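Below is one structure, written out as structure tokens; the observations come after it.
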């Protein structure tokens, strides 16, 4: 696994909202160690046994936190991420969709400078199979195994994870990094972590049109990866052709279908 596991202590920002409450319940049931929640104006309340505070600073003053997950409304979501970073929280998972691009870029830059890792926004989060769940992904399709996943598409991530689980390969950590133009963590940032994780025997990269992250990741894989990588591009620099060419030139086998992801991983591991 990379980044998080069962021991990861989690803070939920926007815990009192409909989404926040629903997923706090799903995560608690999964085994995620949610230790506190934050919602301005709701400090003093309790959600599913989780104490709620008005600010992240107040929450961290009473609880050690390794990561935070944000369900705060779009207009204030970027600030919520910044609030977590200023409090010293190492990992910040920003779920919220619709955050203004300008807000997003400013948050990415400042949080990066502060030393925290930001996943998102507009993403499903991170899950370490049968260890911990810090996101909104369907937990049941992530059976524990040996394949790591980094994906810009939640849709394809779940199809791939379910297929890998059914094939007996399973998964380690899956990070849904988000498909929007501006994201805080991408392929190249996570590949080195998977490369050094002995539990991960192969990594699946799921990309799509736009940006240059897939192309940059391919170059990194070609020069530094020590284990198999399989790629998939949805919607079949910045074009699908450019990304397919980049993967091909990097020696990264590309699956044309979800089933081929499974077949290519099996082939690579022998």
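In the entry's author numbering, the protein residues as written are 1 to 236, 255 to 288.
Backbone N, C-alpha and C fix where the C-beta goes; we use that ideal spot for every residue, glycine too.
Could you compute how far the alpha carbon of residue i sits from the alpha carbon of residue j?
i           : j           : result
residue 209 : residue 28  : 35 Å
residue 179 : residue 161 : 18 Å
residue 231 : residue 45  : 45 Å
residue 126 : residue 40  : 25 Å
residue 90  : residue 79  : 16 Å
residue 186 : residue 19  : 25 Å
residue 265 : residue 53  : 46 Å
residue 134 : residue 10  : 8 Å
residue 202 : residue 43  : 44 Å
residue 120 : residue 6   : 21 Å
Ignore the nearest five residues each way along the sequence and tell me which others in residue i's own chain have a CB closer than 6 Å to its CB.
i           : result
residue 207 : 152, 214, 233, 261
residue 143 : 165, 170
residue 38  : 13, 53, 56, 59
residue 228 : 202, 286
If I follow the unbroken alpha helix (DSSP H) through residue i, where does it start and stop?
i           : result
residue 232 : Taken as a continuous stretch (DSSP letters only), residue 232 belongs to no alpha helix (DSSP H), being part of the beta strand (DSSP E) at 229-233.
residue 287 : 276-287
residue 268 : 258-268
With a threshold of 8 Å between beta-carbons, can residue i be considered close to chain D, or not?
i          : result
residue 74 : Among the protein chains of the structure shown there is no chain D, as only one such chain exists.
Need the endpoints of the beta strand (DSSP E) that residue i sits in, please.
i           : result
residue 294 : Not covered by the structure: residue 294. The range shown for the chain is 1 to 288.
residue 221 : Careful: residue 221 lies outside any beta strand (DSSP E), inside the alpha helix (DSSP H) at 213-224.
Might you give, ordered along the chain, the residues of its own chain that have their beta carbon closer than 7 Å to the beta carbon of residue i, omitting 5 neighbours on each side?
i           : result
residue 211 : 181, 256
residue 217 : 187, 188, 191, 205
Looking only at its chain, what residues have a beta carbon closer than 8 Å to the beta carbon of residue i, apart from the 5 residues adjacent to it on each side?
i           : result
residue 159 : 276
residue 168 : 145
Would you please state the rounded distance, in angstroms, between the beta carbons of residue i and residue j? I believe it to be under 8 Å.
i           : j           : result
residue 280 : residue 129 : Not really, about 16 Å apart at Cβ, beyond 8 Å.
residue 145 : residue 176 : Contact flag wrong, Cβ pair sits at about 18 Å.
Notebook entry, point to check: Does the segment 268-276 come close enough to the segment 219-234 that 3 or more CB-CB pairs lie under 8 Å?
Noted result: yes
Note to self: Does the structure place the segment 67-85 close enough to the segment 95-114 that three or more beta carbon pairs sit under 8 Å?
What the structure shows: yes
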